Amino acid sequence: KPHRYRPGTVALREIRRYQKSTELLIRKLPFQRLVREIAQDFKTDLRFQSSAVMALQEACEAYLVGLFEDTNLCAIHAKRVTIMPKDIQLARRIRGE
Amino acid sequence: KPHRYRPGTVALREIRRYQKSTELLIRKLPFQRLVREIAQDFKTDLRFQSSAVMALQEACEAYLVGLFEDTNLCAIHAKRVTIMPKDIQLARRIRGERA
Amino acid sequence: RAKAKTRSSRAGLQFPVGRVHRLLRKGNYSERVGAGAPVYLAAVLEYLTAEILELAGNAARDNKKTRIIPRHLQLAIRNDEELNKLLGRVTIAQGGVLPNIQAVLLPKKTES
Amino acid sequence: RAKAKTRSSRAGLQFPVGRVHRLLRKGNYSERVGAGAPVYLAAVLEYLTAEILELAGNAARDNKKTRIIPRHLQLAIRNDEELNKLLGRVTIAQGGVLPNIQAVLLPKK
Amino acid sequence: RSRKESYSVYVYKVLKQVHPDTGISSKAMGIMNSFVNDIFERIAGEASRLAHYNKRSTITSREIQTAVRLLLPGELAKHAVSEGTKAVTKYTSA
Amino acid sequence: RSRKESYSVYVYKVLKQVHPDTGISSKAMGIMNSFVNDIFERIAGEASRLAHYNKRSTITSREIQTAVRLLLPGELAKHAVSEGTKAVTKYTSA
Amino acid sequence: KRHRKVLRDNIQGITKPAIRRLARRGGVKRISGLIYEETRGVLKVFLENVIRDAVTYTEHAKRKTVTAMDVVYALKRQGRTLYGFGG
Amino acid sequence: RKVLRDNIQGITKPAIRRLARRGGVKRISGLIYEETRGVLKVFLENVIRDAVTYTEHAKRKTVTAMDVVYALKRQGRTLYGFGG
Amino acid sequence: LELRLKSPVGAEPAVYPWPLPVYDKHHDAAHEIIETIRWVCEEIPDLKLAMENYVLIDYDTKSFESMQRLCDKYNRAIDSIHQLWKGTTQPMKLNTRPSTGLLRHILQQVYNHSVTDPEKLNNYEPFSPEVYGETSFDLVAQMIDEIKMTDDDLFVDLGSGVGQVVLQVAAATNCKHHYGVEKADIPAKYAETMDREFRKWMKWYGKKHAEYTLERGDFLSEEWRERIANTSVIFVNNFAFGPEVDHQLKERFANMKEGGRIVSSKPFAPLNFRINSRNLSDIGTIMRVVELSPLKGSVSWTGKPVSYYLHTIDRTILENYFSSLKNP
Amino acid sequence: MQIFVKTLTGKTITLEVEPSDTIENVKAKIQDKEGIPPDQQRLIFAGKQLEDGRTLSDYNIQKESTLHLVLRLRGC
Amino acid sequence: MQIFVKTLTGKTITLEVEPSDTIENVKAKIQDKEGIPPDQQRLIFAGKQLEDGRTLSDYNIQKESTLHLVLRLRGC
DNA sequence: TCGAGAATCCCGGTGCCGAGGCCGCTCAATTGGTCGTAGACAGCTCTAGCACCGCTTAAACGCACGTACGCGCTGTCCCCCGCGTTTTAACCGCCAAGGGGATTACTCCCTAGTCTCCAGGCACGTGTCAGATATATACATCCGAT
DNA sequence: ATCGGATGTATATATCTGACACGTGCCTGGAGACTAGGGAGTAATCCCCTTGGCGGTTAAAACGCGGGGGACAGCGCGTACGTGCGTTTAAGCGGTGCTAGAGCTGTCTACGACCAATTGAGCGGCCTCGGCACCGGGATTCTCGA
């Protein structure tokens, strides 16, 4: 009697919903704390003019999103659907990192 | 009665035997004929100084080995051993040359 | 010696041919620079930028706005194979991706 | 006009500091080249070619040939994974590959 | 004050000769400001490593024509060489 | 006659200071002849695009030190800067 | 000095719904359970090869800020150009 | 002119088989012997077309040895050991 | 109301002042008390029969009323063992060596009661010879089991920090002496303060420590450099001292003699440096590489263990290869 | 003696001057008394655009006379 | 007069010469009579390495005397 | 689970012909000069980053079931490896002929490096419209039940 | 295959307000005209390098063929992962102080470009020869038949 969608067809609205938008996916302020705690290791003090953190976020998508468009192809390849931990470890390896 | 081996052990000699030598494996003169006819539809007379046509043979094994090294990993990932036509095109696309 | 014939006017172009000729000597690309060359170079930047802006401006009249938002410049590069190999290693800011689902993930109509 | 002295000898090096100083003025890499610079560039080529040949001949000593063939280079460069990331696109001519069998391809009793 | 210069005035003049009604937001001009200064890096950066292989010392109006047919692929090739050669023929008779 | 020059005499002098008994075939010298003229392309080619980002005009003995810690990875980094700085300190007191 | 910067619990920023929000843009359908302890290991590597040059560029002019003009000059020599920021 | 045609049978059926053994594979299926010639013909379209364009620019009429290294480099596959 | 920890031997019992000073939520003056009774019941078996009486189990550290009954029976049971050792039962020896688990029970109650801000002793910046990381207890317990130091050896740490690396190595085996210095004031103010408590706390268990000397001595001074030459086992903390420090540290290591050990973070050579002429900067012409144990409890900045590298200095490898190129 | 300083919006300020001091000094006093920047101001009297190194008497403007004030954008 | 041409493999050829002509001319005749290249040959007599622009009498080698033949790799 | 049948490394001979060692050179390369343009640097200005408060709510956290979906296995057939015999071209020297390589002066036509005159692109401000917002209708789609 | 009931999504009207597109006085990098030099082009020679040719040899390539095992198709089975919901916890807007630090402006010693003299390391080119290529023994080392 409550409306329950069959599993599978809820995500297929989100693929229609997120592939249209150009919003930054990750939250801004939790990512801004993360950048400083990696500069903490090998520099005494840095200041980080704020348009750089708006810039470094952009190359944490086109490395992540471009991975997930490629790690899906190997999961289809083995007649499966769910991506796996041993799919990334293949799809990173052929790229050469 | 002449003792046939089990299949898949002639090969495991040749993996142990071709990985140790450094020789080039394609025939020299048929490979020269493939180069000239692709060179034919430009400029109509290309002299091909003989060190260069040897030098171009090094860049096929620089590329076909590097394709067959990784298309093997595509097949073993899906619990199969035989490589397939749907094993090259996956291994060529992630490299990023099929646009 | 009458008045002010710039080299763009003496060519029939739009990009500043005098400006490019400064931006070779002060980049240290060679020792002696040609004179007929930056006339030629100002055409190739013209023909390319006339090719891109026509494409997005076509799609911008179908999304029913009339400006050109950087999302629209994403949609007019990855959908033309003359150009996608030229900029295949570029990440446009605020870019977005192309609408793209694989085949088998589509809902199978087993008994519909 | 006193007794002559080469610029490499004051460094205690072997690579030509004089020849490199002729190269940076003829690559148009800038307008002016500093005096202290090509001393420093000649040092880093000394170290970075010592790491190849010390790692080359050790792999040649195990194979019992007192010369170094290009087979003995490809089996040495792809050993240190640090040196591999610098030359990750170079294919040596007459190079071959490393000895390599995947895990499934071993026979299973 | 010290001034600083870009390409943003000229690209807007191109837009009237294709769609004489539209406009471009100021956020998107920074792409085209950073688009010409990437190709112009590659093209003139390719002629400079081409003057050595013939061991000359003058980048003339011909090594641009050699580098253009290398960098750009074959489809946009056969229109690009026409669009320059038509221009230079105007510039000699001037 | 016109002469032509390579690096093959100097690399052989290096080999005595590691294994003073061995030798190198003449086929393999062409690798090391074509190995230094690839790194030296990258390193000095990296300082030249570094003089612009500070807008100077003199590639000095410091921008080699900046470019070395960029191109080579971290393991060979911390020995390479020592091997030059020890050398320059000899060259000033000379 | 006296401001405490031992904020080591900071990997939780790339959190469980955020990565689930990420891979939808690539278009996957069912995400397995063990990806969360691996993708967090991916991202901390790729930042560690971008900042570690971006500090080196901005150390060179002797000022104490990784400016927004120097992230672009570090992503270029790795092979990921980034327009849109005056680069 | 000697009209060349049907020359793709240079890379023959055992030759692909011998190249695969360097990569460490064990069982080759029957359809690969067509597909490799499809890939290998594509790869030589790109190299020689760049190689001709340099030696067209130098206005000499022989493809030199350096006019392969100086075209292989810009693709991102340098090649040591040819007078480089 | 004050709480008193009596000594089991009858020499310098603990006087903790009132009220209890709070430092953080994990190590205070009250969290070290639950681990105090557990270690005197291990050495002396008769005390566990008396601690079960009149002592409840549900006590904690946020309640002083549940604390006074713990110290009521504890103040009663020490006067019962002093009247027993004077009779026919022999007391404990004052010269034995403890285990490696009781050695950490030292450096809890010496460290936490001496410093009011451990994160102020965490004042470190890279590219400087003053970075004192998270060198914990179990990084140090391995450095005695590998080689056995006798009484002509020495152990100098130019850069000991608080000297807790010295308070353990001078607690397992011995040398001529042990040392540790640090130049600046507050990174040495909580080093001589350690010397006010390790000289008290080791005698509380009844065990003897090996001789050491923690002070505020200059680490780059001239006179201590030949003391490194007088030192066999070198411990210098080259985790991230820096490239501008490592070679002037290698200007200290030069005057040393054979058989000496260098306990250090970095590999001084890539494990195969033979006699041939490639040494003008490093000190590894006269040594080979020996790995220490990889770590399991201390984490680095990245998430990998911090391994140290023993180097047994040998000029035997010098003299046995000058003449190898001459024979026959 | 006296000076009048006319502003272009129709206001004058009467100030204590010496003709022997430079006009850079009295424009410094204009900065201390009104806040107008030294780079931004320029004072003219009958087609005479003043210079800072010169004094008041060097351009022959007398007692109880007025200097007209106008502004230019500073730049760098 | 007479000349002897010794080869290093132990053979001599006896030839008709003029001492007034250059040795480049008689080495051209050596090319026409044996096929040895002009760039590749070099003829020596008692530590005297000959030059092509000079004649036979200019280096004082007499009648019935022998020139020794040895070869060098040509190159370019 | 052992006894034959192969590829296999190891030892020795035995040829050749490519490296290491030798000179006598034409020349970059130091040495010893200095001239001018930088980069060094001390003030000094101030625009932009840091930190801190509070308020608001829209995004993150665990129960609570369930069903698809990965995963072993089993069975069937069938496409490819292993060797045989036949059989076509690669291959090595040897063959000889010509086009296009590099070099060699030899002009002579060009592009730096100048001076002065100024319209081009800036840095200005500046009233208005496409475009986001937001409440409402609408059809497009899934799914329980039949 | 026919539905009714429930989300959501586009189409819809109406409205504001930050950001475009024209306006303007403006300093400076354009352009014009000019001579004074050297690079590149034009011409012409000389010898290495490619090309087409031809017997002989034989290692290599097709080609029929005859078994086994691996791709693969089906299916039961139990589980990890999605839907959805009811408390929770920082992220987000905005306001307010402090200020270290970026960007200039001059005054400035230290420097490398530059020119022209007097040599030595590199460079060819010979070279005697000894590691490295070969065949016939020779072991271990192997595997599929019971």
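We count from 1, first residue shown onward.
Heads up, the Cβ atoms here are built off N, Cα and C, so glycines get one too.
Positions annotated as DNA-binding region by Swiss-Prot: G:1-5.
The SUMO2 cross-link annotation in Swiss-Prot covers G:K5 (among others) and rests on a large-scale study or a structure entry. Neighbour density for G:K5 (SUMO2 cross-link): within 10 A of its CB lie 12 other CB atoms from the protein chains shown.
For G:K16 (among others), the entry in Swiss-Prot reads SUMO2 cross-link, with the evidence type a large-scale study or a structure entry. Cβ contacts within 10 Å of G:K16 (SUMO2 cross-link), excluding its own Cβ and spanning all protein chains shown: 9.
Residues or ranges marked as UFM1 cross-link in Swiss-Prot (evidence: experimental evidence): G:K16.
Residues near G:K44 (SUMO2 cross-link) in space but far in sequence (CB under 8 A, at least 6 apart, same chain), listed by position: G:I11. According to Swiss-Prot, the SUMO2 cross-link annotation covers G:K44 (among others), on the basis of a large-scale study or a structure entry.
When Cβ atoms from all protein chains are considered, those within 10 Å of G:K64 (SUMO2 cross-link) total 11, not counting its own. Secondary structure at G:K64 (SUMO2 cross-link), as computed by DSSP, is coil. Sequence annotations record features per position, and here Swiss-Prot assigns SUMO2 cross-link to G:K64 (among others).
For G:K76 (SUMO2 cross-link), the same-chain residues 6+ apart in sequence whose C-beta sits under 8 angstroms from its C-beta are G:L82, G:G87. Under the heading SUMO2 cross-link, Swiss-Prot lists G:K76 (among others).
Look at Swiss-Prot and you will find G:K76 tagged as ubiquitin cross-link, backed by experimental evidence.
Listed in sequence order, the same-chain residues six or more apart from G:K1 (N6-propionyllysine) with CB atoms under 8 A from its CB number zero; the list is none. According to DSSP, G:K1 (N6-propionyllysine) sits in a coil region rather than a helix or strand. Marked as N6-propionyllysine by Swiss-Prot on the basis of experimental evidence: G:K1 (among others).
Residues or ranges marked as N6-butyryllysine by Swiss-Prot: G:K1 (among others).
Swiss-Prot lists G:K1 with the feature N6-crotonyllysine.
What Swiss-Prot lists as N6,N6,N6-trimethyllysine is G:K5, and the listing cites experimental evidence.
Annotation source Swiss-Prot lists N6,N6-dimethyllysine at G:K5, citing experimental evidence.
In the three-state DSSP scheme, G:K16 (SUMO2 cross-link) falls into the helix class. Swiss-Prot lists G:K16 (among others) with the feature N6-propionyllysine, giving experimental evidence as the kind of evidence.
Positions annotated as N6-butyryllysine by Swiss-Prot, on the basis of experimental evidence: G:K16 (among others).
Annotation source Swiss-Prot lists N6-glutaryllysine at G:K16 (among others).
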Using Cα coordinates, what distance in whole Å links G:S32 (phosphoserine) and G:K62 (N6-propionyllysine)? 47
Looking only at C-alpha atoms, tell me how far G:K29 (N6-propionyllysine) is from G:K16 (SUMO2 cross-link), rounded to the nearest Å. 16
Sub-8 Å Cβ contact with chain C: please pick out which of the recorded positions G:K5, G:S32, G:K62 have it. none
Can you grab the distance from G:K64 (SUMO2 cross-link) over to G:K5 (SUMO2 cross-link)? Cα atoms, rounded to a whole Å. 18
Give the distance between the Cα atoms of G:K62 (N6-propionyllysine) and G:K5 (SUMO2 cross-link), rounded to the nearest whole Å. 24
Those modified residues listed as G:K29, G:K62, and which of them has the most Cβ atoms within 10 Å of its own Cβ: G:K29
Measuring Cα to Cα, how far is G:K16 (SUMO2 cross-link) from G:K5 (SUMO2 cross-link) in Å? 25
